[PDB]
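Engineer: Chains as they are written, first to last, in the entry's author numbering: chain A, 250 to 311; chain E, 0 to 246; chain F, 0 to 246; chain P, 0 to 246; chain O, 0 to 246. We treat Cβ as the ideally placed atom computed from N, Cα and C, and that holds for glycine.
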Ligand SMILES: Nc1ncnc2c1ncn2[C@@H]1O[C@H](COP(=O)(O)OP(=O)(O)OP(=O)(O)O)[C@@H](O)[C@H]1O
Ligand SMILES: Nc1ncnc2c1ncn2[C@@H]1O[C@H](COP(=O)(O)OP(=O)(O)OP(=O)(O)O)[C@@H](O)[C@H]1O
Ligand SMILES: Nc1ncnc2c1ncn2[C@@H]1O[C@H](COP(=O)(O)OP(=O)(O)O)[C@@H](O)[C@H]1O
Ligand SMILES: Nc1ncnc2c1ncn2[C@@H]1O[C@H](COP(=O)(O)OP(=O)(O)O)[C@@H](O)[C@H]1O
Ligand SMILES: [Mg+2]
Ligand SMILES: [Mg+2]
């Protein structure tokens with residue numbers, strides 16, 4: 250009934266089975282290969298992805 | 000009836016928001032005994048606010064900025080060499096009246112274009128027109144216009160905007176013969192409108208970049224007469240700052 | 000304050016009438032406690048009425064009509080050749096949808112130009128665009144345009160109007176150049192837009208008028224394919240008015 | 000012949016007015032040589048006007064309104080408790096779109112029923128459907144319907160109307176059966192259609208009026224969720240008219 | 000304006016064809032000086048003709064005929080036993096006034112249903128209602144209605160139509176107890192409306208088909224009192240006629 254609930258269930262399902270079941274070709278649990286991965290470090294501050302609009306305040310202040 | 004006629008007349012007079020909210024405003028004025036004059040003022044003020052919002056939207060669209068950024072997403076702790084108060088003062092747009100030119104100079108990735116675009120956004124917010132271009136791109140467009148013979152049109156396009164954001168002055172080097180286009184733009188805007196410049200090459204390299212010493216000297220003599228130059232000393236934010244602060 | 004801001008918003012939203020009459024209408028509403036919706040409706044209705052008035056004035060100005068005439072000014076007892084029924088049905092402006100061209104033929108001073116001017120005025124009043132040109136002036140302007148190479152511009156200018164009223168036809172003789180100019184004008188506005196023409200010569204005489212029997216016959220055949228003829232007969236109203244002034 | 004066939008066709012196409020007035024309008028057109036289009040337009044306009052008149056008469060008949068009253072008949076100087084502005088804004092009939100219920104409260108003879116009848120009359124005039132019922136009669140009819148098992152029929156009949164005017168509320172005391180009948184009526188027309196109610200007792204007294212504090216509180220809470228209150232205070236207009244008649 | 004208002008009023012008065020053609024009719028009356036009365040008559044007559052066409056369409060739809068056929072596709076050379084003139088006389092629909100019943104009797108495939116449906120189509124053309132049913136089907140529907148208790152509704156459905164086409168009387172045999180439904184229909188329509196019957200079983204087999212001798216005798220006594228019986232002697236057209244004529 251809520252997208253937050255759906256995302257929570259999806260993440261739990263992934264971490265339970267999807268990223269735990271061994272792959273049919275690599276034949277190994279994805280998390281072990283993840284541990285083998287070497288990704289570049291993240292920046293401290295994330296690229297701000299937020300709608301930016303300019304508005305005007307009414308006479309009263311509303 | 001009257002409701003449909005009011006809607007039709009509001010649409011024919013180009014008052015969409017007024018057509019949408021006139022019933023609600025009438026009800027509110029009814030429940031508070033608002034004077035007729037204040038009712039009219041409320042409607043007109045709402046319409047004006049919405050129209051100004053759409054105007055700012057159009058101006059930001061035509062600014063041709065690569066993206067949208069603001070001082071809010073800027074950290075002055077990572078750039079302590081230059082004073083924070085001066086940038087805040089610039090945000091008051093007092094330079095637009097003085098016609099002074101704003102120059103950002105520093106190593107690549109130190110936030111030059113970010114600050115320039117932020118100031119341009121502040122200028123666009125208060126109605127002032129702004130045009131963003133890269134110096135080499137501007138010179139190439141002017142050269143093409145001159146070849147086609149209608150150079151004055153593009154020259155007016157570049158000179159009319161109140162704020163001109165010329166970026167990446169040293170990134171690319173076009174044929175030196177085309178530097179006269181850049182000189183034309185800078186001199187025509189001289190003592191008329193501010194120019195926002197951002198680049199990572201010292202003032203001595205201009206003769207090399209444009210392939211002409213005296214031409215660059217004159218360009219700088221005019222661009223630096225009324226200006227406030229900010230020199231940013233540091234290291235590339237994206238890589239160096241994160242690497243040195245994650246320790 | 001509020002009144003000055005209301006004036007500024009009215010003149011920034013293109014509301015000329017409201018800028019002045021809003022105070023008077025507020026006074027009127029206060030004297031009768033009119034509802035807010037009705038007050039707004041009155042303001043908008045006055046604005047729309049004045050806007051339409053100004054638009055019609057502009058349309059009449061663009062039409063180049065020598066003077067304003069209306070069917071209400073046209074007496075029909077003095078002109079028993081035709082009947083009010085046909086004239087008023089034409090004034091309904093159905094020929095525009097049917098693309099029927101209207102031709103008036105009669106002796107000088109009968110009134111075949113008054114009816115055309117009235118039709119043009121009504122077409123303007125009903126939102127259509129009308130252009131009134133004399134055949135001689137039309138030919139001269141077309142010849143000049145061809146000389147300067149801008150013939151296409153003037154042809155577009157003369158074809159764009161929904162109703163083209165060509166006056167002073169037949170009295171002046173035409174050369175084959177003018178003949179082909181007239182033929183081109185007719186062809187461009189043939190089955191595309193009505194043509195209102197007033198002449199004093201029968202169709203057969205057009206061969207001598209233009210000096211080309213074949214071209215005149217082609218013009219007549221194309222015109223009569225969608226045409227309405229009006230053979231007006233009677234004593235010249237100019238002469239009768241002069242006689243009445245004498246007595 | 001033709002006249003009789005015209006009459007037959009008019010009465011076979013449901014054109015009552017044209018059957019009679021067509022001859023008179025033909026006479027009028029002949030006396031002025033009116034255009035065919037205008038003649039047809041006059042016929043159709045007269046037919047439409049009379050059709051709308053008959054439709055409005057039928058709607059008023061169905062409404063069961065005891066008598067026809069209009070705001071134009073309602074003097075406001077004699078009733079200074081409320082202002083013309085609010086009443087006329089209600090007469091604009093925006094509450095129907097907003098589904099706001101209207102409640103009038105005041106001493107006997109103040110005029111809280113005249114305003115309701117005027118609102119119903121205007122709603123009828125603007126194409127809406129109105130049903131005027133007294134609370135006592137409503138309760139009695141609902142009780143009879145429940146006795147006969149046709150309660151659903153009467154509930155549909157009382158909920159279908161766009162505007163339901165419930166009169167004579169508070170003066171007569173109600174039992175819990177009538178209390179639940181009123182609650183059901185309100186619930187069915189809650190956020191679905193406006194209810195216009197006139198009473199003489201404060202909201203708190205409704206608990207004693209219906210004999211159920213909880214049910215009365217529920218009714219009041221649901222009603223006030225979308226409500227407009229009118230506290231009318233003044234000398235009874237019946238008494239003042241009687242005094243004026245005496246003097 | 001007026002054209003749009005005329006269109007709207009014609010649509011609101013349910014005069015679609017009038018709305019479509021009023022301009023053309025006005026123009027034609029203009030070009031021929033048709034009187035206003037004749038103009039109105041033309042419009043009304045066209046509307047009446049179109050309405051009658053649509054009415055006939057609806058009547059043929061509700062006739063529930065399996066298909067549409069006419070005397071045009073009928074060859075009287077293949078059926079020389081019976082007179083052609085009598086069928087042509089029937090096409091005058093003089094039997095509808097006399098209330099006489101029309102019976103077609105002959106071997107299968109000899110064209111019974113064709114002629115019956117043709118006569119029914121002629122009746123439908125001139126406005127008379129007509130209902131086509133198969134005798135066994137009619138009896139079964141009446142039995143179901145009687146079981147449900149609302150028999151009178153279906154009885155009225157079967158009795159109201161001016162022309163009833165009962166076909167395939169002998170094709171199927173339902174429970175004899177249901178023959179009273181057929182008797183009810185025939186007796187109720189007796190001396191009120193014609194009945195068109197078509198079947199290939201002699202009058203003596205009715206007692207067997209309905210499983211009752213006296214009931215069938217009474218049915219025939221009533222159905223044959225006022226009637227014109229046509230006995231078709233021949234062979235199945237589709238097979239025998241083609242086989243014998245291709246030789
Ligand atoms: N029926 C009429 N009623 C009133 N005024 C008329 C009538 N007919 C003509 N006039 C007058 O005629 C004068 C204009 O001349 P008119 O329209 O008769 O010329 P025309 O038809 O254009 O003739 P020409 O052949 O010279 O071009 C105006 O004063 C107009 O008032
Ligand atoms: N402001 C007014 N102007 C004119 N007539 C009025 C006014 N107020 C009341 N009346 C008169 O009141 C009479 C109807 O009674 P009224 O509408 O005052 O009763 P009510 O509000 O329904 O009271 P109650 O509590 O008895 O139901 C009508 O004659 C109407 O003319
Ligand atoms: N001081 C700072 N605060 C926040 N973000 C910064 C800062 N300096 C650089 N950035 C980030 O780096 C980018 C700006 O680099 P820029 O100044 O355009 O480099 P260049 O001038 O070489 O094009 C932006 O994405 C911005 O978010
Ligand atoms: N005399 C005829 N002329 C033309 N068509 C005929 C004739 N007789 C029969 N038909 C054809 O045969 C069919 C009618 O058979 P029908 O009378 O319905 O047989 P039944 O009465 O056994 O149902 C139709 O398709 C019709 O075209
Ligand atoms: Mg003329
Ligand atoms: Mg009352």
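What residues match up with residue 129 of chain F in a beta bridge as DSSP calls it?
Structural biologist: Reading the third chain from its first residue, position 130 is the one you call residue 129 of chain F. DSSP lists F:162 as partners of residue 129 of chain F.
Engineer: For residue 146 of chain P, which three-state DSSP category applies?
Structural biologist: Here residue 146 of chain P refers to the residue found at position 147 when the fourth chain is read from its first residue. Helix.
Engineer: Relative to chain F, which residues along the stretch 59–75 of chain P have a C-beta separation below 9 Å, given in chain order?
Structural biologist: Those residues of the stretch 59–75 of chain P that come within reach of chain F (Cβ to Cβ, closer than 9 Å) are 75.
Engineer: When you compare the CB positions of residue 105 of chain O and residue 64 of chain O, do they come within less than 8 Å of one another, or not?
Structural biologist: Counting from 1 along the fifth chain, the entry for residue 105 of chain O is found at position 106. Counting from 1 along the fifth chain, the entry for residue 64 of chain O is found at position 65. Contact: no.
Engineer: In angstroms, rounded to a whole number, what distance separates the CA positions of residue 144 of chain E and residue 150 of chain E?
Structural biologist: One-based indexing of the second chain puts residue 144 of chain E at position 145. One-based indexing of the second chain puts residue 150 of chain E at position 151. Answer to the nearest angstrom: the Cα atoms are 5 Å apart.
Engineer: Please tell me whether residue 1 of chain O and residue 38 of chain P are closer than 8 Å, where the distance is taken between their beta carbons.
Structural biologist: As a working mapping, residue 1 of chain O is identified with position 2 in the fifth chain. As a working mapping, residue 38 of chain P is identified with position 39 in the fourth chain. No; because the gap between Cβ atoms is not below 8 Å, this pair is not in contact.
Engineer: Determine, using beta carbons only, whether residue 18 of chain E comes closer than 8 Å to chain P.
Structural biologist: On the second chain, position 19 is the one that residue 18 of chain E refers to. Taking Cβ atoms only, chain P never reaches closer than 8 Å to residue 18 of chain E, which makes this a no.
Engineer: Give a yes or no on contact between the stretch 227–235 of chain O and the stretch 77–85 of chain O, applying the rule of three or more CB pairs nearer than 8 Å.
Structural biologist: Yes: the two stretches touch, three or more of their Cβ pairs being nearer than 8 Å.
Engineer: Any C-beta of chain P within less than 7 Å: which residues of the stretch 13–44 of chain E qualify?
Structural biologist: For the stretch 13–44 of chain E, which is checked against every Cβ of chain P, the residues closer than 7 Å are 22, 25, 26 and 29.
Engineer: Quick one: grab the DSSP three-state call for residue 100 of chain P.
Structural biologist: Taking the first residue of the fourth chain as 1, we reach residue 100 of chain P at position 101. Three-state DSSP puts residue 100 of chain P in a strand.
Engineer: Assuming residue 204 of chain O contacts residue 169 of chain O (C-beta within less than 8 Å), just tell me the rounded distance between them.
Structural biologist: Here residue 204 of chain O is taken as the residue at index 205 of the fifth chain, counted from 1. Here residue 169 of chain O is taken as the residue at index 170 of the fifth chain, counted from 1. So it is a contact: roughly 7 Å between Cβ atoms.
Engineer: For a test of your reading of the model: does the CB of residue 166 of chain F fall under 7 Å from any non-hydrogen atom of ligand 5? Yes or no.
Structural biologist: As a first step, residue 166 of chain F must be located in the third chain, where it is residue number 167. True, at least one ligand heavy atom lies under 7 Å from that Cβ.
Engineer: Report the rounded CA-to-CA distance for residue 68 of chain F versus residue 67 of chain E, giving the unit in angstroms.
Structural biologist: Taking the first residue of the third chain as 1, we reach residue 68 of chain F at position 69. Taking the first residue of the second chain as 1, we reach residue 67 of chain E at position 68. Distance between the alpha carbons of residue 68 of chain F and residue 67 of chain E is about 60 Å.
Engineer: Runs of 3 residues minimum, wholly inside the stretch 193–217 of chain P: which ones carry the beta strand (DSSP E) assignment?
Structural biologist: For the stretch 193–217 of chain P, whole beta strand (DSSP E) runs of length 3 or above, ordered along the chain, are 194–198.
Engineer: For the stretch 193–208 of chain F against the stretch 41–53 of chain F, do three or more pairs of beta-carbon atoms, one drawn from each stretch, fall closer than 8 Å, so that the two count as touching?
Structural biologist: Flag = no, the stretch 193–208 of chain F and the stretch 41–53 of chain F do not touch.
Engineer: Beta carbons nearer than 7 Å to chain F: which residues of the stretch 88–108 of chain E have them?
Structural biologist: Correct list: empty, as no residue qualifies.
Engineer: 8 Å is my cut-off, CB to CB: does residue 0 of chain E come that close to chain P?
Structural biologist: To locate residue 0 of chain E, count along the second chain from 1; it is residue 1. Yes, contact with chain P.
Engineer: Let me check you understand the geometry: is the CB of residue 72 of chain F closer than 7 Å to at least one non-hydrogen atom of ligand 5?
Structural biologist: Locating residue 72 of chain F in the third chain gives position 73, counting from the first residue. Flag unset: Cβ of residue 72 of chain F not near ligand 5.
Engineer: With which residues is residue 227 of chain P paired in a DSSP beta bridge?
Structural biologist: For the purposes of this step, residue 227 of chain P is taken as the residue at position 228 of the fourth chain. Paired residues: P:101.
Engineer: By Cβ distance, which residues of its chain are closer than 8 Å to residue 161 of chain O, with the 5 residues on each side in sequence left out?
Structural biologist: Your numbering for residue 161 of chain O matches position 162 in the fifth chain. Excluding positions up to five away in sequence, the list reads 95, 122, 127, 128, 129, 192 and 193.
Engineer: For the alpha helix (DSSP H) containing residue 77 of chain F, name the first residue and the last one.
Structural biologist: Residue numbering aside, residue 77 of chain F sits at position 78 when the third chain is read from its first letter. Looking at the DSSP string, residue 77 of chain F is not in any alpha helix (DSSP H), and its letter there is neither H nor E.
Engineer: Residues of chain P with CB closer than 9 Å to the CB of residue 125 of chain O, please, in chain order.
Structural biologist: Position 126 of the fifth chain, counting from 1, holds the residue named residue 125 of chain O. Under the 9 Å cutoff, chain P gives no residues; its nearest Cβ is about 16 Å from residue 125 of chain O.
Engineer: Which one of F:19, F:141, F:159 and F:109 has the shortest CA to CA distance from residue 235 of chain F?
Structural biologist: For the purposes of this step, residue 235 of chain F is taken as the residue at position 236 of the third chain. Among F:19, F:141, F:159 and F:109, the Cα nearest to that of residue 235 of chain F belongs to F:109.
Engineer: Using a Cβ-based criterion (distance less than 7 Å to any ligand heavy atom), does residue 197 of chain P qualify as near ligand 6?
Structural biologist: In the fourth chain, residue 197 of chain P corresponds to position 198, counting from 1. Residue 197 of chain P Cβ: within cutoff of ligand 6.
Engineer: What are the boundary residues of the alpha helix (DSSP H) that residue 118 of chain P is part of?
Structural biologist: As a first step, residue 118 of chain P must be located in the fourth chain, where it is residue number 119. It spans 111–124 - the alpha helix (DSSP H) in which residue 118 of chain P sits, taken as one unbroken run.
Engineer: Alpha helix (DSSP H) containing residue 237 of chain F: first to last residue?
Structural biologist: To locate residue 237 of chain F, count along the third chain from 1; it is residue 238. Counting along the chain, the alpha helix (DSSP H) containing residue 237 of chain F begins and ends at 236–245.
Engineer: With a cut-off of 8 Å, does the C-beta of residue 84 of chain F fall near any C-beta of chain P?
Structural biologist: Indexing the third chain from 1 puts residue 84 of chain F at position 85. Chain P, which has a Cβ nearer than 8 Å to the Cβ of residue 84 of chain F, makes this yes.
Engineer: Would you kindly check if the distance between the Cβ of residue 22 of chain O and the Cβ of residue 93 of chain F is under 8 Å?
Structural biologist: As a first step, residue 93 of chain F must be located in the third chain, where it is residue number 94. As a first step, residue 22 of chain O must be located in the fifth chain, where it is residue number 23. A contact, by the Cβ cut-off of 8 Å.
Engineer: Could you give the distance in angstroms between the alpha-carbon of residue 217 of chain O and the alpha-carbon of residue 74 of chain O?
Structural biologist: Residue mapping note: residue 217 of chain O aligns to position 218 of the fifth chain, counting from 1. Residue mapping note: residue 74 of chain O aligns to position 75 of the fifth chain, counting from 1. Cα-Cα distance, rounded: 35 Å.
Engineer: Any chance the CB of residue 237 of chain O is under 7 Å from a heavy atom of ligand 4?
Structural biologist: As a working note, residue 237 of chain O is residue 238 in the fifth chain. Yes, the beta carbon of residue 237 of chain O sits closer than 7 Å to at least one heavy atom of ligand 4.
Engineer: Do you know how far the Cα of residue 153 of chain P is from the Cα of residue 298 of chain P?
Structural biologist: In the structure as shown, chain P starts at 0 and stops at 246, and residue 298 of chain P therefore has no counterpart that could be examined.
Engineer: What do you get for residue 207 of chain P, buried or exposed, if any count of 16 or more other CB atoms within 10 angstroms of its CB means buried?
Structural biologist: Translated into the one-based positions of the fourth chain, residue 207 of chain P becomes position 208. By the 10 Å Cβ count, residue 207 of chain P comes out exposed.
Engineer: Please tell me whether, using a cut-off of 7 Å, the distance from the CB of residue 78 of chain E to the nearest non-hydrogen atom of ligand 3 is below it.
Structural biologist: Taking the first residue of the second chain as 1, we reach residue 78 of chain E at position 79. Flag set: Cβ of residue 78 of chain E near ligand 3.
Engineer: For residue 299 of chain A, is the classification buried or exposed, using 16 other Cβ atoms within 10 angstroms of its Cβ as the cut-off for buried?
Structural biologist: As a first step, residue 299 of chain A must be located in the first chain, where it is residue number 50. Flag for residue 299 of chain A reads exposed.
Engineer: Can you list the residues of chain E that residue 46 of chain F reaches, using a CB-CB cut of under 7 Å?
Structural biologist: Your numbering for residue 46 of chain F matches position 47 in the third chain. Residues of chain E passing the Cβ test: 12.
Engineer: For ligand 4, I want to know if residue 112 of chain O counts as a neighbour, meaning its beta carbon is within less than 7 Å of at least one of the ligand's heavy atoms.
Structural biologist: Numbered from its first residue, the fifth chain carries residue 112 of chain O at position 113. Indeed, a heavy atom of ligand 4 lies less than 7 Å from the Cβ.
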